[PDB]
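J.: need a 3D model of the following:
(chains A, B, C, D, E, F, G, H and I, ligands or ions: 2)
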Amino acid sequence: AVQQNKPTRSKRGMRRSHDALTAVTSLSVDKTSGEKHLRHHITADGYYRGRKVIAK
Amino acid sequence: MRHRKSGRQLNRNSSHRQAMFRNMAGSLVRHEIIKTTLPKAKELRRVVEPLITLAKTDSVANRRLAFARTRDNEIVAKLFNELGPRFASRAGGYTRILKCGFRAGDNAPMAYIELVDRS
Amino acid sequence: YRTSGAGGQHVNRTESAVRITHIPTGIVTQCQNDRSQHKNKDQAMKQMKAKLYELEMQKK
Amino acid sequence: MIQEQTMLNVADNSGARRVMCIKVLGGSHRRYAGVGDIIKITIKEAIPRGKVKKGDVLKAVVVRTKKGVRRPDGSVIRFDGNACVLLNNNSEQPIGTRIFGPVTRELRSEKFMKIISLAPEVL
RNA sequence: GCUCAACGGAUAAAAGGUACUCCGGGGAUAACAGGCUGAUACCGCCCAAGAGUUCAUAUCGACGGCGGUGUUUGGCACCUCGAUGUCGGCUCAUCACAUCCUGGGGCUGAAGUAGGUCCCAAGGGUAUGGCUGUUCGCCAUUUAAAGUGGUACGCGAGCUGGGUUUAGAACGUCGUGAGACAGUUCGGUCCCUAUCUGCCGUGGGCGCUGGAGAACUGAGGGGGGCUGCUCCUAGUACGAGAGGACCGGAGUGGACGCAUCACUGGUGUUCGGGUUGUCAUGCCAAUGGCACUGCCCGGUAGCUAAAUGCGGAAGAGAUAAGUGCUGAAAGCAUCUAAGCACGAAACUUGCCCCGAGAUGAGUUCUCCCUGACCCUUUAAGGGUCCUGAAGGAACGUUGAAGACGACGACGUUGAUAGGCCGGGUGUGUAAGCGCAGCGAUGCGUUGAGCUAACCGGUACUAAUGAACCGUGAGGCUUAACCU
RNA sequence: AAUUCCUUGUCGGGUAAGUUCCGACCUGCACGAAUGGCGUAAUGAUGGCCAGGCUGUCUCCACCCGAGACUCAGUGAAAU
RNA sequence: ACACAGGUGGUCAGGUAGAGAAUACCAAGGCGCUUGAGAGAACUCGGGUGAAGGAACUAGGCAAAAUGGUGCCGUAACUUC
RNA sequence: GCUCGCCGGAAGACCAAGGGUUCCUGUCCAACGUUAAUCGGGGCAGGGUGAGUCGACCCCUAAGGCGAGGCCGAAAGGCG
RNA sequence: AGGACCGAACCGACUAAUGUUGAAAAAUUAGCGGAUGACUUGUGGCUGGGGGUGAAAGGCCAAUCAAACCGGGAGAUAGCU
Ligand SMILES: [Mg+2]
Ligand SMILES: [Mg+2]
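T.: Numbers count the residues shown, from 1 in each chain, chains lettered A, B, ... in the order given. Ligands and ions are numbered 1, 2, ... in the order given. The relevant structure is shown in the block below.
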């Protein structure tokens, strides 16, 4: 229900051990607008797989 | 478990899943491309990719499921008059999915759904 | 066995209630008079004995 | 599949009308029994003068089940009435004589060659 | 001048109730539970008066005697009163052996059948209801049997709250009374989101001394083990008959557990039909929304049991009790002492599952890497420029895989999903058009129309070029070979 | 007996089985006549007992519909 | 003590169905209630359906299930009529 | 803006009571708002309430309250 | 005609699940009883603590009642922790 002792801050490191983030490995570069974007996602400009998939 | 099943609850009851794809498919036919979330595109691949099966071929009696879960007849007048003859030879796959970043206020994964022959 | 007098853990958590029966005839005899079971068992020894003298008597 | 507390009808001319199973027999911890089976029953309703009496405790064989008995083709045989034929407690033979309604082929045995010979209809 | 007699004498002078209650404190002191103790209790043993026709010792055992158990009632007041929640039930249990069923024996006042008692044996099995807060018990009807105990007389941060044990109320009863009753009867709030330990699952890290992909071996651990009934042997042995077996064999059950959806069903709010009231679609005709899915009627896939397949072994070893064989000590006798055989659901195996973080990190099988230099505290050294393999992860499509993770399938060469065609499937003969009928409605097209998860196909869409990660022949020591 | 200890009194009924209930029995432990007695139609979110109907109460649980739990963002306590 | 599922008096009375100011669906009118978005395990909270059985459950048919309107027929004991 | 959903003898309109700028515009997003907020009953700055007939005041009076004197009471005061 | 009948508002609170760091220092959801009177509800008025009031239970008197609250005696007193 509730603890009987104060937990050690070293345990607090061990509980937060697996709690770390994870960044992106590599960004998919466009081949026409020539810019990095998310793999299997469109660019910021509206490009995907080279072509202009959406006029913004 | 949901072995061999098919259907996402979408955290909504079935009467609202009914009534939401009314307007969502009801406006995609209008503007030919819209911004929605990706599970409301991926469950909508069980919905809108069959809601273009709605858009196959004109009779008189085929004006009616496109009244039924749509409450609309103007969009009926767009489908079999213009879009039926548009997609006259495509045997499936009338759409395309564009995962377009995340929604601001809740980090919801958005996407663009659209038609294949938009231009 | 236990009696079901009022008091609880003085009553129900002890074996203050006795029952003495007969092997060849089958004549039970209980007692729950005082708190002690030997104020009951030995009393139920007397009451079965009081039945026992009547067994020849009621028959005859 | 008849458990306790189950009202059954009567299939012979014994005299009872309503019986009720109080014990499933024939096996250790045997929770259920279908046709071809023996149950201890009481009698809840009888005719004003018959072979029986309201409250007699005796055995019976189960002959018609609403639940169903299967055959090796896959065909399951259900009924619309749950009736039984009353037996002796000791000789364990049927007491009545005139069998009412149809019965099944699972009922036939050396113990029950007697009933099917008196049955009006055997499937 | 005081039974100031509670007699070193609180006052000349003083009774109660409090479950409406309250403070101050106490484990210095009660009630449960633990503790010690074992009187009592329970369970054995010794003696043998005798009973048992005779015959103590088949069965029993007077009078007495000696122990064991902690298990009854107790004793004690050591833990706990700045809290250790108790009766019964329910849910789950697990242990003991002083064994209820099953197993193995010995003796019998054991013809058989059936028992009696004793010993071995704890693998597995070991009722439902009526009564009552129940426990217990009685009873009914089962069963192979309805074991007994340890467990805070197991289990309330799991449930129940009937009983006891608050305040309300009443009777009987007691007291003048307020009130009280191991007297009843009616009514009467069961809190807690889990840090740790423990347990059930499922991951991450690093390790196993080049790296990677696999197959395993199996240390060790777990699961599992019940039984009736019928028939044969056989009316055989036995017995005068009645009755009725051993052993061996077959069949079918019960109960349990695993697997499963072909069947038989349930469910199937996403398939379909019927129908009520209303609202809207200009209006009819049609639909649709809402009314618990509005109310029904049904049904695919899936999931499911009441649906159907297995499962308990046989076998081996070593034995328990027990039976022996040779055989001295002990010219005989003698299962023991030397030797030696048999002997049970216990044991170890045989059965399945887990399993090399088995640090003791094992085994075999396959793939990858044969670039350059500086430094000084010169080595399992540090750094720099080329190189980036096997493969890996990441990302996307996904799953009869899943809380997440992990697992599995697939990423254009491609059937991974979705879509599409084909098919089946199921509601049950659509709409519109005719036709008849005053009409409601019926008939013609008509298993038509529709069709969720499904079966066969189809690249139609969505599964991206890359990049990332991991590198560049792998310590020392002898040893053995080869040169 | 809302009163009876003994006491699950005895008998009858009721049930397969009834420590309950309903009839008697009077042995009233310790009823009793305005702290009224006995009876009483109607009445009762009143007490007990029995039946029919009814059904996941139960045997013996299965399946879906939602709301959380779990995943990700934003925020962000508590007793101890 | 909160932008608190509470409490607070008077006045107002549209349509259809309906005895009705019940209920339903609505008009006028007003809102979608201050975290979302996923996933579709146990597990509770709510719900729906259920083979065969029908109180055996349990302290106790607790809750659920069921009954349900308008006419008409018919209706016992007993009564203080 | 488009549908969709809910309420509708109210989740609509209207007052008293009570609140006392919340009202209307401009501006701002630190805090406040159980998240963001470009928004706000938030901050900031401006506006905005017009009466012979409506309400109060006012004229009456109830329950009542007070009370000249008056009565009573150590005093304070009580009653009227 | 009725301390009549069924039953809205209204008024009460009998059962059950909830909830028990709550939506809420007693509420919701489902039901339930009363619902022309011993009714219910506004606006006021009055009764004050050994007093009030009470179809009475030691009930209620500003979330507190077997002697209200606030101030003072008062640093009550404590052989107790
Ligand atoms: Mg942490
Ligand atoms: Mg002995």
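J.: which non-adjacent residue is nearest the one residue in chain C that gets nearest to chain B?
T.: Residue of chain C nearest chain B, by Cβ to the nearest Cβ: residue C:12 (49.6 Å). Backbone N, C-alpha and C define where each C-beta goes, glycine included. Using Cβ to Cβ, 6 or more residues apart in numbering or on different chains and skipping the chain neighbours, the partner closest in space to residue C:12 is residue C:2 (5.3 Å).
J.: and the one you found, helix, strand or coil?
T.: Per DSSP: H, G, I helix; E, B strand; the rest coil, the secondary structure class of residue C:2 is coil.
J.: mind listing what's buried in the biggest helix by length in chain B?
T.: Looking across chain B with DSSP state H, the single longest helix is helix B:14-31. Buried residues in helix B:14-31, defined by neighbour count with 16 or more other Cβ atoms under 10 Å in any protein chain shown: B:17, B:21-22, B:24-26, B:28-29.
J.: pull the residues that contact stretch D:2-22.
T.: D:23-24, D:31-34, D:39-47, D:49-52, D:57, D:60, D:62-65, D:67, D:81-86, D:94-101 (Cβ atoms under 8 Å, 6 or more residues apart in numbering or on different chains).
J.: buried subset of those?
T.: Using 16+ other Cβ under 10 Å as the burial test, the contacts of stretch D:2-22 include D:24, D:33, D:39, D:41-43, D:46, D:51-52, D:60, D:62-65, D:82-86, D:94-96, D:99-100 as buried.
J.: can you tell me how far the residue of chain C closest to chain B is from residue C:36?
T.: 16 Å (Cβ to Cβ, to the nearest Å).
J.: likewise for residue D:51?
T.: Distance of residue D:51 to residue C:36, computed by Cβ to Cβ: 59 Å.
J.: same question for residue B:57.
T.: From residue B:57 to residue C:36 the distance is 100 Å (Cβ to Cβ).
J.: quick one: which of those two has more around it?
T.: More crowded of residue B:57 and residue C:36, by other Cβ atoms under 10 Å in any protein chain shown: residue C:36, with 12 against 9.
J.: does the more buried one fall in a helix, a strand, or a coil region?
T.: The three-state label given to residue C:36 by three-state DSSP is coil.
J.: what phi and what psi does the backbone show at the closest residue to it other than its chain neighbours?
T.: Leaving aside its sequence neighbours, residue C:36 sits nearest to residue C:16 (Cβ to Cβ, 6+ apart; 7.2 Å). With angles defined as degrees, to the nearest 10, residue C:16 sits at phi -80, psi 0.
J.: list the contacts for residue 38?
T.: Going with chain A. Residues in contact with residue A:38, defined by Cβ under 8 Å, 6+ apart, are A:24, A:27-28, B:99, B:101.
J.: oops, wrong one, chain D.
T.: Counted by Cβ under 8 Å, 6+ apart, residue D:38 has contacts D:25-26, D:59-61, D:87, D:92.
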